[PDB]
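Notes follow once the structure below has been shown.
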Amino acid sequence: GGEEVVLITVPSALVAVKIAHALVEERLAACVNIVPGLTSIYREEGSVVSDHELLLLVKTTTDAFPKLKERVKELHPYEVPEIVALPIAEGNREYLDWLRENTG
Amino acid sequence: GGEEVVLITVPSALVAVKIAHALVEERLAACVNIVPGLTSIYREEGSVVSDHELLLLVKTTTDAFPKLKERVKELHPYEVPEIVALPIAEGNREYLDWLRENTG
Amino acid sequence: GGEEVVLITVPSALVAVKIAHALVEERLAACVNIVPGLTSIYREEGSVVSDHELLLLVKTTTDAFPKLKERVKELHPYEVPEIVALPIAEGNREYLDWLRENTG
Amino acid sequence: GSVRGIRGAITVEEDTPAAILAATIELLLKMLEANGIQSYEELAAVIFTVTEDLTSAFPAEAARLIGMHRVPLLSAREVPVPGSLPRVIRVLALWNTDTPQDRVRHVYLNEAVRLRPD
Amino acid sequence: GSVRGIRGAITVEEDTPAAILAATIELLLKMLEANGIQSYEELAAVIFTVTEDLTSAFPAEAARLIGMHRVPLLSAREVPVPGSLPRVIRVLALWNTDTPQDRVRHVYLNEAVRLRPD
Amino acid sequence: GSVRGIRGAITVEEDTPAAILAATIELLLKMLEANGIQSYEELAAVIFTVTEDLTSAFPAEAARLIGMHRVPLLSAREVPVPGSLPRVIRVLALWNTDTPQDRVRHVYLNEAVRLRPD
Amino acid sequence: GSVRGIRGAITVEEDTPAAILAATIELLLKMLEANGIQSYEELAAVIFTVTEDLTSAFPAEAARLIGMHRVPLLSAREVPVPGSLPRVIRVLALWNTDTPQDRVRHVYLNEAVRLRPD
Amino acid sequence: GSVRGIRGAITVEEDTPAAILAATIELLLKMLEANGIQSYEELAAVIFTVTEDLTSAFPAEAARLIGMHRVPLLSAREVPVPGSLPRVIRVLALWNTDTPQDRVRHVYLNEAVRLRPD
Amino acid sequence: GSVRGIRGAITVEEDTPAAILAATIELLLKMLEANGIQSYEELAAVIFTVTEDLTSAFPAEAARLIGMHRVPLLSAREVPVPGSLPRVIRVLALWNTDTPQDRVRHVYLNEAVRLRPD
Amino acid sequence: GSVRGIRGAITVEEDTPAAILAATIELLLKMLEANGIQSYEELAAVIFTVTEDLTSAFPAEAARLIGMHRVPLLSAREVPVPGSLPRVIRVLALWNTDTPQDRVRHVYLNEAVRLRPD
Amino acid sequence: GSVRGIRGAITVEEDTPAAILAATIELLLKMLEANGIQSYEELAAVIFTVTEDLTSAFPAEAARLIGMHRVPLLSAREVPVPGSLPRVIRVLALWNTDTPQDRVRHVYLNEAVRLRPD
Amino acid sequence: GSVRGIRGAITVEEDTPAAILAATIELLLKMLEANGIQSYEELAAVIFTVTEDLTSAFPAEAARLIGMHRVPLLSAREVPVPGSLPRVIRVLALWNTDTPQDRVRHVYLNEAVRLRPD
């Protein structure tokens, strides 16, 4: 069907809301879930560092993904935003129809 | 193998527990993780609204999915429950064997 | 591309940090997100029980997965660790290139 | 033209910065849509107030996420009257319009509908 | 027309809902009479503030007993400066008039007269 | 004419009445100079708010030291969001002007510059 | 028949509504299984008590998730004796059985096992 | 015979001894009427619980105003879960009857009706 | 048989674990003697409650010093009504007997005699 | 050889055990790398201190995740000077080296850089 | 020679000066015996820390009862992490020895054994 | 060489930043003079502790006014034992010397002389 869940990692609530709102408002997403309170350990430059972060789960479709990537890059305060899409294998039919109706 | 992770979004702890318990008890799932404290931004009717919500991560299999969808629809207080399955590409073999033993 | 998100469930912050740090430090992962505060309902032996748990989201690749599984089994205090990989369908190109550069 | 205040309110379930900001956006945009406001140039000022139980974020910050960069924003804390509706964000906007007082629409969302003056 | 604020204040002897509401009515009506306001259509908004020791009722509720159903009403809690006059209800109304600033009358009742800017 | 709010803020180092009053004067006069206001007749009202840590004086008193005797002055206490800038005095003035929204200047002094919406 | 109380206890790691409800379900179902209770018709009443550190949810709510809709449910707060096991949910059920006192099984889960009367 | 619990609840508007006692009487008598209890000889015990905000009187005292002099009366304080219905008096009576569990009536009065298990 | 509650109470002079345990034993044994109970097999359950000022020990522990190992024991904290008798330990036992309600004896010791329902 | 202390500090955004442990690891490893320490055998002791707002975990625990099992670890709480940088973890290590005092590197991370003695 | 820290800990049952002093002596002497220290001349310093619940005495005083008159003694209060072992006295001694790090023995007494790094 | 701690203490009359800094300087310089320390290169570290009543400044800041820029400085809060000398600043310095333990001089100033170990 092409429905996807996109994971976007953001540094703060302002960013999380700003992006989540823009994606839904602009129909690049039907639904965005914000998961607060993450602890992030990652490699940076030559070492391992930590950060805070929040996670956005964006329920979108593959055809809108190229637009999403550009819009997120414009809003997200990083050189390299962490944007990855995981595929949906199957799901509630009405829900999936709904995502398509509200996306694009 | 057909093992899957199902994301179910629920409005409250009572619903989260009620569903999670029913799915595990009835062997529609081997394990359910509840992630509290979400903020949900989504399109509703003609506008963008927010809600609270919790996220359930259900470790199940594809063959039990049709039953899961029906059971969740019966318990979940929405016209259109948000139920989506993400596939598992690979994993700990003992764990995956375990999920199958405990599901169905 | 083979990029994957691995879900590892851990019982405590010490374990979560110990594993997350080891995977990133050893280049089995480029990035690990720790999601605290889970409630876990699962089948154990003959009944349904609950636990606390934290969730690790590990951004790694499929080729390093076999090593990850062994390293996690060594660190994780369970007979059967819950380690499952979900595939990445697509994503930010720079990000995905970054994961590969930092993994392996 | 003259000045008409616009009021509205929204409730949240928890004192989480994301919830506050998201709720504030929903309310501000809904107020503006209800009254047909296509530009922030018509707003003299916006005053936000919150109940004593919401301290993790300032609603005024949300206003700048929707572009109200030049709208004066002030905020204050509400009187803790026992029995009042908890976790409430209230907004008063001062609108430089020629709209009659009884043609200005007010917005009450979520549990704030119970406090609507109807 | 332009906008002129109208101020006034009243004190009460105790934090009893009836006293708060009664005092609020007395003050609002007196402010309106002082300035010749025969209609609430001229009010852009009314802002009420109270001291930290009055928490049993919202003054804004009184406003709807005298019919200000369409007047936007906002309220906030005051700064607890030591030595200040206790149990004070203060009101700022924004009036859409052509009255000069120095022709707007302000109302101070009961012990609030001591804080009148004269 | 219409109404435009004017905003500004200033910080102080301690909760000393003299510091509060002096800071308030500096901010009010600077706001008025920035916008070319030569008379208080153009001000509909002024609203002052302060953070929870400034309780030794009322900023509104300073306003009468610079002659704003007829300008309605209201004050309120701010929401104590953790991490906010401490000891801040904020002012919203409502100005009866024909100045476009984007031609109104706002004033941020001392450490309040970090919270300027730029 | 006569009446026998059934006791049990479970601990949780945090005061999260989901944890409380989940733990309560685990304990109630385990108590009923231990004693062979296939119907709630045999329960005269259930009394839940909790320690002072669990205030986010009522254990009694969990009882209705497992269908005990007609079982009278009462709850109370426990005595905060220093040194006691924290975050404990205790349940006393009154069972209308003919089971001898020493044939009634009690259930202690998680860290509550340390307080089992053995 | 066997034992069936009887539950009910009532709310009051204020923590006034007269209100507590009056409310307690209303609830106890209504519970007894609902279940046809013409004598206190059938009651094994009555347990009263109250919310944290009612401390001016003991509901158990009311029970002796309606003649339950020989009925064991115990009382306890409830768990203060945020968001719960305030000022609630709850009663569990243990009734030595042969009435089936589903034929026992429970009583919820005033605002306690919202918490009825229906 | 049926169920009859047995009540009693005792006071202590200080919140010392030894005093609490000793007092609890005295009261429990006296209740059992008063009613001729030679075995704990007849007790369905025992519920202990204490006033807010006794937190150094759990009365339920005393019950196991006199051998009530199989009797379900539950405890709860009492409502702090001002003017109540301080440092009071109250016990409700549920007894599976055929004794008429008016033939069950209740025990009040030390200063608890003043609260006896006579 | 002689003894040189090594200092460093790191800040965290919230009092979450995972954040504390992760931050502590980052700081300890960075200090050791900065000074070329390839073995914990050179450390006489490590002293950790934290600000008053970090109570969910002990930084010393992190030290054992990176293998400092034989290094004596002590911790203490810092003086709450108003205006200080919040949520700070500070570490003093005592290093048995022959390194001159001015060749020992110190590490300041995140917002702790503002307190670096430069 | 070099410097090695020596650690140990002991718990007490109550905050009684005699218990604190006695426990401190037991721990200090045991640490010194474990490592063969026959003289206080080898100790550079001793740092004592205690948990938040021990305030009746200073452990450092005990050190002078066993003759450590010339050993610098410093003390500090520990971080109150919830769930930590209560009533704990911890000691870090800095020993001017040539003993390898892994040949230094550490001492954990009473309930402090559960926190031993093994 | 080896390591010897140097101790001293000073009291202040009030919690004023100037007093704290001035007192800290006096004490640090006096300690260094007493022991003939002409350079800070000999100090491995300095640990400052203060009583619970001195929170307006950090003594460690004073150390940088006298040039100890490269000396690791750590600080901690002291245990509030009732009856202790109030407003006390204590310092432990770790000195890399060959001075015998009994040839190291300690400094007690102002009211701290009463706590000197003599």
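The way I read the labels, and the way they are meant: chains A, B, ... in the order of the structure tokens, residue 1 as the first residue of every chain, and ligand 1 as the first ligand shown, with later ones counted on from there.
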
Go through chain K and flag each residue having an atom no more than 12 Å from chain G; for those, report the closest pair of atoms plus their distance in Å to one decimal, using only C-alpha atoms, ordered by chain and rising number, as JSON lines.
```
{"residue": "K:13", "atom": "CA", "partner": "G:83", "partner_atom": "CA", "distance": 10.5}
{"residue": "K:14", "atom": "CA", "partner": "G:83", "partner_atom": "CA", "distance": 11.5}
{"residue": "K:53", "atom": "CA", "partner": "G:82", "partner_atom": "CA", "distance": 11.9}
{"residue": "K:82", "atom": "CA", "partner": "G:86", "partner_atom": "CA", "distance": 10.6}
{"residue": "K:83", "atom": "CA", "partner": "G:86", "partner_atom": "CA", "distance": 9.0}
{"residue": "K:84", "atom": "CA", "partner": "G:83", "partner_atom": "CA", "distance": 11.9}
{"residue": "K:85", "atom": "CA", "partner": "G:83", "partner_atom": "CA", "distance": 10.5}
{"residue": "K:86", "atom": "CA", "partner": "G:83", "partner_atom": "CA", "distance": 9.0}
{"residue": "K:87", "atom": "CA", "partner": "G:83", "partner_atom": "CA", "distance": 11.1}
```

Prev. selection, N, CA, C and O atoms, output as a PDB file, in the first residue's frame:
```
ATOM      1  N   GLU K  13      21.416   1.486  63.062  1.00  0.00           N
ATOM      2  CA  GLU K  13      19.968   1.365  63.100  1.00  0.00           C
ATOM      3  C   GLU K  13      19.241   2.634  63.481  1.00  0.00           C
ATOM      4  O   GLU K  13      18.055   2.773  63.192  1.00  0.00           O
ATOM      5  N   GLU K  14      19.905   3.542  64.167  1.00  0.00           N
ATOM      6  CA  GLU K  14      19.235   4.763  64.556  1.00  0.00           C
ATOM      7  C   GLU K  14      20.182   5.935  64.652  1.00  0.00           C
ATOM      8  O   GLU K  14      21.379   5.779  64.873  1.00  0.00           O
ATOM      9  N   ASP K  53      19.885  11.139  56.753  1.00  0.00           N
ATOM     10  CA  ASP K  53      19.195  10.761  57.952  1.00  0.00           C
ATOM     11  C   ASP K  53      20.054  10.590  59.193  1.00  0.00           C
ATOM     12  O   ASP K  53      19.517  10.217  60.233  1.00  0.00           O
ATOM     13  N   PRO K  82      16.702   8.196  46.083  1.00  0.00           N
ATOM     14  CA  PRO K  82      15.642   7.356  46.563  1.00  0.00           C
ATOM     15  C   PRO K  82      16.001   5.923  46.358  1.00  0.00           C
ATOM     16  O   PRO K  82      16.539   5.567  45.317  1.00  0.00           O
ATOM     17  N   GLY K  83      15.693   5.093  47.327  1.00  0.00           N
ATOM     18  CA  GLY K  83      15.978   3.678  47.211  1.00  0.00           C
ATOM     19  C   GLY K  83      17.351   3.304  47.743  1.00  0.00           C
ATOM     20  O   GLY K  83      17.677   2.119  47.821  1.00  0.00           O
ATOM     21  N   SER K  84      18.152   4.287  48.126  1.00  0.00           N
ATOM     22  CA  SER K  84      19.468   3.992  48.631  1.00  0.00           C
ATOM     23  C   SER K  84      19.379   3.383  50.008  1.00  0.00           C
ATOM     24  O   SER K  84      18.359   3.472  50.691  1.00  0.00           O
ATOM     25  N   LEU K  85      20.458   2.752  50.431  1.00  0.00           N
ATOM     26  CA  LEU K  85      20.518   2.168  51.748  1.00  0.00           C
ATOM     27  C   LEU K  85      20.536   3.322  52.764  1.00  0.00           C
ATOM     28  O   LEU K  85      21.359   4.220  52.609  1.00  0.00           O
ATOM     29  N   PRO K  86      19.625   3.377  53.750  1.00  0.00           N
ATOM     30  CA  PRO K  86      19.509   4.399  54.768  1.00  0.00           C
ATOM     31  C   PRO K  86      20.558   4.275  55.839  1.00  0.00           C
ATOM     32  O   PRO K  86      21.103   3.197  56.044  1.00  0.00           O
ATOM     33  N   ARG K  87      20.789   5.357  56.563  1.00  0.00           N
ATOM     34  CA  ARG K  87      21.676   5.382  57.711  1.00  0.00           C
ATOM     35  C   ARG K  87      23.053   4.816  57.457  1.00  0.00           C
ATOM     36  O   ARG K  87      23.544   3.965  58.202  1.00  0.00           O
TER      37      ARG K  87
END
```

Problem set entry | Expected answer as a ChimeraX atom specification: alpha helix (DSSP H) residues in chain E | /E:17-34,59-63

Can those selected residues be exported to a file as an mmCIF file, in the first residue's frame so that it contains N, CA, C and O atoms?
```cif
data_model
loop_
_atom_site.group_PDB
_atom_site.id
_atom_site.type_symbol
_atom_site.label_atom_id
_atom_site.label_comp_id
_atom_site.auth_asym_id
_atom_site.auth_seq_id
_atom_site.Cartn_x
_atom_site.Cartn_y
_atom_site.Cartn_z
ATOM 1 N N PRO E 17 -17.268 33.719 48.952
ATOM 2 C CA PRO E 17 -17.765 33.882 47.615
ATOM 3 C C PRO E 17 -18.831 34.925 47.491
ATOM 4 O O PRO E 17 -18.822 35.704 46.546
ATOM 5 N N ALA E 18 -19.719 35.013 48.463
ATOM 6 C CA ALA E 18 -20.747 36.013 48.362
ATOM 7 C C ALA E 18 -20.175 37.404 48.435
ATOM 8 O O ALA E 18 -20.680 38.311 47.778
ATOM 9 N N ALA E 19 -19.139 37.597 49.245
ATOM 10 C CA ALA E 19 -18.574 38.911 49.420
ATOM 11 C C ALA E 19 -17.825 39.315 48.194
ATOM 12 O O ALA E 19 -17.851 40.475 47.788
ATOM 13 N N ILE E 20 -17.175 38.354 47.579
ATOM 14 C CA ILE E 20 -16.412 38.646 46.397
ATOM 15 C C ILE E 20 -17.321 39.020 45.284
ATOM 16 O O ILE E 20 -17.043 39.969 44.546
ATOM 17 N N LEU E 21 -18.379 38.253 45.105
ATOM 18 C CA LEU E 21 -19.278 38.546 44.035
ATOM 19 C C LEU E 21 -19.990 39.839 44.282
ATOM 20 O O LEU E 21 -20.137 40.645 43.365
ATOM 21 N N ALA E 22 -20.417 40.089 45.509
ATOM 22 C CA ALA E 22 -21.129 41.309 45.752
ATOM 23 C C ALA E 22 -20.247 42.509 45.543
ATOM 24 O O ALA E 22 -20.675 43.500 44.953
ATOM 25 N N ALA E 23 -18.999 42.425 45.989
ATOM 26 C CA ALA E 23 -18.084 43.522 45.833
ATOM 27 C C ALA E 23 -17.757 43.756 44.395
ATOM 28 O O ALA E 23 -17.646 44.898 43.956
ATOM 29 N N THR E 24 -17.631 42.689 43.636
ATOM 30 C CA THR E 24 -17.304 42.846 42.255
ATOM 31 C C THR E 24 -18.429 43.544 41.555
ATOM 32 O O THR E 24 -18.183 44.433 40.743
ATOM 33 N N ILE E 25 -19.669 43.190 41.868
ATOM 34 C CA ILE E 25 -20.765 43.868 41.220
ATOM 35 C C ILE E 25 -20.762 45.317 41.573
ATOM 36 O O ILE E 25 -20.915 46.158 40.692
ATOM 37 N N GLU E 26 -20.590 45.646 42.842
ATOM 38 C CA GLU E 26 -20.611 47.040 43.197
ATOM 39 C C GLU E 26 -19.574 47.810 42.435
ATOM 40 O O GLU E 26 -19.868 48.880 41.901
ATOM 41 N N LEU E 27 -18.372 47.273 42.325
ATOM 42 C CA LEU E 27 -17.351 48.001 41.629
ATOM 43 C C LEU E 27 -17.626 48.119 40.155
ATOM 44 O O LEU E 27 -17.431 49.190 39.586
ATOM 45 N N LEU E 28 -18.057 47.049 39.502
ATOM 46 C CA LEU E 28 -18.261 47.163 38.078
ATOM 47 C C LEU E 28 -19.356 48.121 37.760
ATOM 48 O O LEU E 28 -19.223 48.941 36.851
ATOM 49 N N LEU E 29 -20.427 48.091 38.519
ATOM 50 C CA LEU E 29 -21.489 48.982 38.171
ATOM 51 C C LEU E 29 -21.098 50.399 38.441
ATOM 52 O O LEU E 29 -21.437 51.278 37.657
ATOM 53 N N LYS E 30 -20.346 50.641 39.500
ATOM 54 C CA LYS E 30 -19.970 51.992 39.793
ATOM 55 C C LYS E 30 -19.051 52.541 38.715
ATOM 56 O O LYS E 30 -19.191 53.704 38.341
ATOM 57 N N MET E 31 -18.123 51.730 38.199
ATOM 58 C CA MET E 31 -17.241 52.194 37.135
ATOM 59 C C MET E 31 -18.029 52.580 35.913
ATOM 60 O O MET E 31 -17.795 53.630 35.305
ATOM 61 N N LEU E 32 -18.994 51.760 35.562
ATOM 62 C CA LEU E 32 -19.770 52.042 34.391
ATOM 63 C C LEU E 32 -20.614 53.278 34.594
ATOM 64 O O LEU E 32 -20.746 54.102 33.686
ATOM 65 N N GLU E 33 -21.170 53.468 35.781
ATOM 66 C CA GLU E 33 -21.956 54.665 35.971
ATOM 67 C C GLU E 33 -21.099 55.894 35.923
ATOM 68 O O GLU E 33 -21.461 56.881 35.292
ATOM 69 N N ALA E 34 -19.915 55.830 36.513
ATOM 70 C CA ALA E 34 -19.068 56.993 36.581
ATOM 71 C C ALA E 34 -18.734 57.517 35.222
ATOM 72 O O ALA E 34 -18.736 58.732 35.005
ATOM 73 N N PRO E 59 -14.049 36.845 40.403
ATOM 74 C CA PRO E 59 -14.763 38.083 40.164
ATOM 75 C C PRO E 59 -15.440 38.114 38.799
ATOM 76 O O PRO E 59 -16.553 38.617 38.641
ATOM 77 N N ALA E 60 -14.840 37.453 37.830
ATOM 78 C CA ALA E 60 -15.399 37.412 36.503
ATOM 79 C C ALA E 60 -16.796 36.826 36.504
ATOM 80 O O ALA E 60 -17.593 37.129 35.626
ATOM 81 N N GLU E 61 -17.118 35.956 37.448
ATOM 82 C CA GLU E 61 -18.439 35.377 37.476
ATOM 83 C C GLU E 61 -19.471 36.443 37.755
ATOM 84 O O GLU E 61 -20.580 36.390 37.239
ATOM 85 N N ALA E 62 -19.130 37.427 38.578
ATOM 86 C CA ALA E 62 -20.059 38.487 38.927
ATOM 87 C C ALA E 62 -20.432 39.274 37.703
ATOM 88 O O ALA E 62 -21.573 39.699 37.510
ATOM 89 N N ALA E 63 -19.487 39.413 36.813
ATOM 90 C CA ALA E 63 -19.735 40.169 35.612
ATOM 91 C C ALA E 63 -20.889 39.582 34.817
ATOM 92 O O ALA E 63 -21.597 40.314 34.124
#
```

Problem set entry | Nearest candidate to residue 89 in chain B (options C:39, C:12, C:61, C:33; using only C-alpha atoms) |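 Answer, going by the shortest atom-to-atom distance: C:61.
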
Exercise. Of the candidates C:3, C:11, C:51, C:85, which shows the shortest atom-to-atom distance to chain B, using only C-alpha atoms?
Worked result: C:85

Excluding same-chain residues fewer than 2 positions from residue 77 in chain L, what lies within 10 Å of it counting only C-alpha atoms, as an mmCIF file with N, CA and C atoms, in the first residue's frame?
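Writing the result to result_28.cif gives the following:
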```cif
data_model
loop_
_atom_site.group_PDB
_atom_site.id
_atom_site.type_symbol
_atom_site.label_atom_id
_atom_site.label_comp_id
_atom_site.auth_asym_id
_atom_site.auth_seq_id
_atom_site.Cartn_x
_atom_site.Cartn_y
_atom_site.Cartn_z
ATOM 1 N N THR J 49 30.610 14.980 42.762
ATOM 2 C CA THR J 49 29.641 15.772 43.478
ATOM 3 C C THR J 49 28.540 16.171 42.554
ATOM 4 N N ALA J 76 29.341 13.207 47.049
ATOM 5 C CA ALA J 76 28.776 14.195 47.968
ATOM 6 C C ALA J 76 27.873 15.188 47.276
ATOM 7 N N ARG J 77 27.054 15.859 48.054
ATOM 8 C CA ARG J 77 26.144 16.828 47.495
ATOM 9 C C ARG J 77 26.735 18.236 47.602
ATOM 10 N N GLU J 78 26.548 19.035 46.552
ATOM 11 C CA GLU J 78 27.056 20.409 46.439
ATOM 12 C C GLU J 78 26.237 21.471 47.119
ATOM 13 N N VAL J 79 26.890 22.591 47.372
ATOM 14 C CA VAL J 79 26.287 23.750 47.984
ATOM 15 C C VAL J 79 25.373 24.472 46.992
ATOM 16 N N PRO J 80 24.095 24.685 47.302
ATOM 17 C CA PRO J 80 23.093 25.287 46.453
ATOM 18 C C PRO J 80 23.172 26.793 46.377
ATOM 19 N N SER K 75 34.405 16.149 56.504
ATOM 20 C CA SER K 75 33.186 15.393 56.300
ATOM 21 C C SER K 75 32.191 16.113 55.414
ATOM 22 N N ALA K 76 31.297 15.348 54.802
ATOM 23 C CA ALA K 76 30.293 15.900 53.893
ATOM 24 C C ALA K 76 29.015 15.096 53.876
ATOM 25 N N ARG K 77 27.958 15.707 53.390
ATOM 26 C CA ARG K 77 26.685 15.030 53.333
ATOM 27 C C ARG K 77 26.464 14.430 51.943
ATOM 28 N N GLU K 78 25.904 13.222 51.904
ATOM 29 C CA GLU K 78 25.632 12.458 50.681
ATOM 30 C C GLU K 78 24.374 12.826 49.942
ATOM 31 N N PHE L 48 36.732 22.295 49.604
ATOM 32 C CA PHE L 48 36.101 23.227 50.520
ATOM 33 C C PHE L 48 34.780 22.703 50.981
ATOM 34 N N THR L 49 34.454 22.857 52.244
ATOM 35 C CA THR L 49 33.112 22.499 52.631
ATOM 36 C C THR L 49 32.506 23.611 53.423
ATOM 37 N N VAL L 50 31.206 23.739 53.326
ATOM 38 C CA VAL L 50 30.558 24.740 54.148
ATOM 39 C C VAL L 50 29.347 24.237 54.851
ATOM 40 N N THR L 51 29.000 24.936 55.903
ATOM 41 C CA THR L 51 27.802 24.635 56.629
ATOM 42 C C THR L 51 26.577 25.037 55.845
ATOM 43 N N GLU L 52 25.446 24.523 56.274
ATOM 44 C CA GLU L 52 24.181 24.684 55.581
ATOM 45 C C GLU L 52 23.647 26.089 55.486
ATOM 46 N N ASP L 53 24.158 26.973 56.307
ATOM 47 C CA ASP L 53 23.749 28.346 56.362
ATOM 48 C C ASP L 53 24.557 29.321 55.526
ATOM 49 N N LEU L 54 25.513 28.843 54.735
ATOM 50 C CA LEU L 54 26.239 29.741 53.854
ATOM 51 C C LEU L 54 25.996 29.376 52.419
ATOM 52 N N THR L 55 25.067 30.056 51.768
ATOM 53 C CA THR L 55 24.746 29.726 50.402
ATOM 54 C C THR L 55 24.901 30.881 49.428
ATOM 55 N N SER L 75 34.011 21.453 45.893
ATOM 56 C CA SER L 75 33.359 21.850 47.124
ATOM 57 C C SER L 75 32.147 21.001 47.445
ATOM 58 N N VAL L 79 27.400 18.253 56.940
ATOM 59 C CA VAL L 79 26.337 17.637 57.698
ATOM 60 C C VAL L 79 25.849 18.574 58.804
ATOM 61 N N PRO L 80 24.561 18.914 58.867
ATOM 62 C CA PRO L 80 23.960 19.835 59.803
ATOM 63 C C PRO L 80 23.722 19.253 61.176
ATOM 64 N N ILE L 89 33.421 27.750 57.296
ATOM 65 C CA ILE L 89 34.039 27.363 56.046
ATOM 66 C C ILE L 89 35.237 26.508 56.400
#
```

For this session: Find the residues around residue 80 in chain B up to 10 Å (only C-alpha atoms counted), leave out those fewer than 3 positions away in its own chain, and share them as a VMD selection string.
Result: (chain A and resid 92 to 96 98) or (chain B and resid 73 76 to 77 83)

Problem set entry | Nearest to chain G by atom-to-atom distance, counting only C-alpha atoms, from C:68, C:100, C:49, C:57 |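 The closest residue to chain G is C:49.
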
For this session: Would you please give, as a ChimeraX atom specification, all residues of range 52-84 of chain B that DSSP assigns to strand (DSSP E or B) based on the backbone?
Result: /B:54-61,83-84
